[PDB]
Amino acid sequence: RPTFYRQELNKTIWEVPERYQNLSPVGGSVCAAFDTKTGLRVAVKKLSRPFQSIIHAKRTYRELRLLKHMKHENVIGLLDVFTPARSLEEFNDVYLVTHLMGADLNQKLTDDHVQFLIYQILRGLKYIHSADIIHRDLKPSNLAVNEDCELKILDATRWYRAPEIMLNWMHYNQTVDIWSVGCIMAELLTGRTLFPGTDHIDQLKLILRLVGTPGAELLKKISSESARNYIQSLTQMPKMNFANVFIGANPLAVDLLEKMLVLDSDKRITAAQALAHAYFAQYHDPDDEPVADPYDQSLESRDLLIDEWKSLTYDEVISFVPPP
Ligand SMILES: CCCCCCCCO[C@@H]1O[C@H](CO)[C@@H](O)[C@H](O)[C@H]1O
Ligand SMILES: CCCCCCCCO[C@@H]1O[C@H](CO)[C@@H](O)[C@H](O)[C@H]1O
Ligand SMILES: CCCCCCCCO[C@@H]1O[C@H](CO)[C@@H](O)[C@H](O)[C@H]1O
């Protein structure tokens, strides 16, 4: 067990191992710190009220288990997790430690830089998706970069949300995340938000303007009678020429965008397919685009008692093994 020290911070007593020095509030709650053991600048998140209720406790367990699973260069991972508690009976607080990411993606980038950034997002998404996990909220603020432009996917604007999420469809496929990637890529290339909707319905209006209204193949897949009737009450419109939306862009970028931003989610390119697209030729390397171990989301989604979630979470803290 490390020697701990106590200090009042962000108006609560933080108790952390002495290896973590010079904590400073960056806003549960996150503080930047310097890890003297590794020489790393880190973020230390003290979870807020982690076991106050069944819902808090279930959320805490899910967050910790997910972060423990993610072991990929382009996905945020867990450097450390600790509690001052020496037993289950004393266990009230949980602290999560990650790389301190100084910048994110949130005015246009060069094509060579867009290649590199989107490659890394897709490499990370291949890994997430291979664990049967959907991110569901990819956006520039969830994409951290360092001073060598190395990117990590992290963890409320609607500008990057797939249209089926906007319609509360459910049955979401992992290409909801590919829609988001397309929106981000477009914005990096043009320096302008692709679909800057003013409210919920305006977002959908702007989307349909680019991609066109549903065709017959897509209409055939709609179970909702009201949706079906609304769509066939609509005035049919063609897909815009993406070449004209992205004037002067690399033709391979435009092609890839056309393959991401398709209304029908079944027809969107996958992360793995996208990595093999010619746009990424200078980066693609099959030998090093790894997949994840299986992740069991059913362990979440149980209806357990607070003390059961708390004990399971404690076990996950004790079993943590740091990365190299
Ligand atoms: C840290 C690893 C990268 C993130 C991959 C896991 C995606 C996070 O999980 C997401 O977050 C939300 C929780 O509020 C939920 O709406 C969804 O169940 C889920 O898509
Ligand atoms: C998949 C089909 C989605 C159903 C959309 C529900 C209705 C959309 O919104 C409606 O349409 C009109 C045009 O914006 C407006 O008159 C109204 O603001 C609104 O009631
Ligand atoms: C007028 C607005 C229409 C929006 C159409 C969105 C269609 C998204 O695509 C759909 O999404 C689902 C979720 O994975 C799937 O089950 C379908 O097979 C698929 O066609």
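In listed order, ligands and their atoms are each counted from 1. All residue numbers refer to positions in the sequence shown, counting from 1.
- Counting only heavy atoms of the protein, atom 7 (C) of ligand 3 lies nearest to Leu263 O, 3.4 Å.
- In terms of protein heavy atoms, atom 13 (C) of ligand 1 is closest to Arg62 NH1, 4.3 Å.
- Counting heavy atoms from C-beta on, the side chains of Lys152 and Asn146 never come closer than 4.5 Å.
- The aromatic rings of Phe195 and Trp179 lie parallel to each other, with less than 30° between the two planes, well short of the 60° mark.
- Proximity to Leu167 (heavy-atom distance under 4.0 Å) selects the following atoms of ligand 2: 1 (C), 3 (C).
- The aromatic rings of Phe51 and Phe91 sit tilted relative to each other, their planes meeting at an angle between 30° and 60°.
- Proximity to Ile133 (heavy-atom distance under 4.0 Å) selects the following atoms of ligand 1: 6 (C).
- Listed by number with element, the atoms of ligand 3 under 4.0 angstrom from any heavy atom of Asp264 are 9 (O), 19 (C), 20 (O).
- Residue, atom and distance of the protein heavy atom nearest to atom 11 (O) of ligand 3 are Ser265 OG, 3.1 Å.
- Using a cutoff of 4.0 Å between basic side-chain nitrogens and carboxylate oxygens, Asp199 and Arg158 are not scored as salt-bridged.
- Smallest separation of non-hydrogen atoms from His56 and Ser53: CD2-OG, 2.8 Å.
- At a 4.0 Å heavy-atom cut-off, ligand 1 touches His135 through backbone and side chain alike.
- Below 4.0 Å from some heavy atom of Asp155 lie the following atoms of ligand 1, by number and element: 4 (C), 8 (C).
- Those atoms of ligand 3 with a heavy atom of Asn173 less than 4.0 angstrom away are 14 (O).
- Note: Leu47 CG to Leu96 CG = 4.5 Å, rounded to the nearest 0.5 Å.
- Residues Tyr119 and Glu289 form a side-chain contact, since some pair of their non-hydrogen atoms from C-beta on lies under 4.5 Å apart.
- Within the 4.0 Å heavy-atom criterion, the part of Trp169 lying near ligand 3 is the side chain and not the backbone.
- In this structure, the protein non-hydrogen atom closest to atom 12 (C) of ligand 2 is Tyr230 OH, 4.5 Å.
- Distance check on atom 15 (C) of ligand 2: every protein heavy atom falls at or beyond the 4.0 Å cut-off.
- Shown in contact with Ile76 at under 4.0 Å from a heavy atom are these atoms of ligand 1, numbered in order with element: 1 (C).
- Atom CE in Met260 sits 5.0 Å away from atom CD1 in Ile178 (nearest 0.5 Å).
- Contacts with ligand 3 closer than 4.0 Å are made by no heavy atom of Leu204, backbone or side chain.
- Every atom of ligand 3 with a heavy atom of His171 under 4.0 Å away is listed here by number and element: 13 (C), 14 (O).
- Side-chain contact of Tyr295 with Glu300: a donor-acceptor pair under 3.5 Å is present, judged by distance alone.
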Test log, rule side chain to side chain contact (heavy atoms under 4.5 Å, CB included), inputs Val114 and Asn250 | CA-CA 11 Å; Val114 173; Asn250 187 339; over 6 Å; no
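- When heavy-atom distances to ligand 2 are checked against a 4.0 Å cut-off, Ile222 has no atom that comes that close, whether in backbone or side chain.
- Interface of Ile201 with ligand 2, defined as ligand atoms under 4.0 Å from a residue heavy atom, comprises 8 (C), 9 (O).
- Using cut-offs of 30° and 60° for the angle between ring planes, the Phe280 and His277 rings count as perpendicular.
- By the 4.5 Å heavy-atom criterion applied to side chains, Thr270 and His129 are not counted as neighbours.
- For the pair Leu189 and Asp111, the minimum side-chain heavy-atom distance is below 4.5 Å.
- Here is the list of ligand 1 atoms found below 4.0 Å of a heavy atom in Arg136: 17 (C), 18 (O), 19 (C), 20 (O).
- A donor and an acceptor atom, one from each side chain of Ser319 and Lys68, are located under 3.5 Å apart.
- Put simply, atom 4 (C) of ligand 1 has protein non-hydrogen atoms near it, under 4.0 Å away.
- With a 4.0 Å heavy-atom cut-off, ligand 1 is reached by the backbone of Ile134 but not by any atom from C-beta on.
- In summary, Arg302 and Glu308 do not engage in a salt bridge, as defined by a charged side-chain N under 4.0 Å from a carboxylate O.
- When distances from atom 19 (C) of ligand 2 to the protein are checked, no heavy atom turns up under 4.0 Å.
- Counting the atoms of ligand 3 from 1 in the order shown, those under 4.0 Å from a heavy atom of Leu218 are 7 (C), 20 (O).
- Of the heavy atoms in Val176, none comes closer than 4.0 Å to ligand 3.
- The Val75 neighbourhood of ligand 1 comprises atoms 2 (C), 3 (C), with distances under 4.0 Å to a heavy atom of that residue.
- Given atom 17 (C) of ligand 3, the protein heavy atom at minimum distance is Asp266 OD2, 3.4 Å.
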